[PDB]
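Shown next as structure tokens: one chain only, the form deposited in one PDB entry.
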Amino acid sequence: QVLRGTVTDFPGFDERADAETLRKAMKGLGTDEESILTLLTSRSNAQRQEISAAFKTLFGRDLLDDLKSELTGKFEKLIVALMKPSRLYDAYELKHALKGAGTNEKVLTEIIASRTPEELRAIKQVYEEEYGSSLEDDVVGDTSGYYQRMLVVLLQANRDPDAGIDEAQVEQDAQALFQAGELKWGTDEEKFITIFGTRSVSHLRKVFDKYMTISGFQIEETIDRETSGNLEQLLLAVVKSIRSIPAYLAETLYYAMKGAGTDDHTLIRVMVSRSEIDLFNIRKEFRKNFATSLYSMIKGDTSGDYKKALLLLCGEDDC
């Protein structure tokens, strides 16, 4: 009855002993990648921050700097991602995505659609603290269309509270959504944006069910997952996140490794950002919806120290 990650506080945690273990793993010309990945994936993010502090006090060096030069490639990127303070991770990912003409719209859609209003408020505050500009201003300056508008409405974090059901409002909203979809989501955008972005989660779940009975198909089938534009991809992410945030992020992981190549940025981002929130539930939705475990997918697509750290973050194989 609760969300659950795969990483928890290590019992009997001694930040000074862990700092010594990590320094022993890199002092000298050699490296003990196994010791580094085993310790860091078994300590919580808060514990990693205390290790980094004890590391600086004991040895007068910077742990993150040492890891960046001692490690390489995707393994380095994963370890560096795990060391980023949890409170800063999403704000950092969004700022990195906001790239003017080269903006990574997948990251904007992923984070803004799947984070709760509480999380988005914290992100907006942290974002201004770290970068001196508002997240909304950066998004507006770097996106266009009603994709921009829907992101702005979601960033407002003003979603209705899970209150009593209103079947009269569940009929009219579902009627409106059926009709915006009939017009290919290119008409009256502000109205379906207000429905997708401000109605309560429990309400929209009933609206999506009422959409089934009115239309004969689920609302997701009005949007092609591969060829649609940015707004449509955001609507799909919002719909799936309304149904289940773990299921949306599980599908995000699935398509990160499906087919030729691997989207390692998305793989690292989802496993790290959700490791202490709902990665266990993501694993369950993954096994149910794609007939194979997240563990087996990671094992088949990745290699080296990078793979073992990802498998330890995944925690277990699912059957």
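Heads up, when I say rigid core I mean the largest set of C-alphas that superpose within 1.5 Å between the two forms. Numbers follow the displayed sequence, beginning with 1.
The same protein also has a form deposited in another entry, omitted here; what follows describes it.
Compared between the shown form and the other one on the core, the listed residues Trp185, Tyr89, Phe208, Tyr146 keep their C-alpha shifts below 2 Å, save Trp185. After superposing the rigid core, the Cα of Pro161 is displaced by less than 2 Å between the shown form and the other one. Taking 2 Å as the criterion, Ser228 counts as shifted between the shown form and the other one: its C-alpha moves by at least this amount when the rigid core is aligned. When two forms of a protein are overlaid on their rigid core, residues whose CA moves 2 Å or more are considered shifted, and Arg121 is not one of them between the shown form and the other one. Figure legend: C-alpha atoms of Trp185 and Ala237, shown here, are separated by at least 3 angstroms more in that other deposited form. Distance between the C-alpha atoms of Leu82 and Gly100: shorter by at least 3 Å in that other deposited form than in the displayed form.
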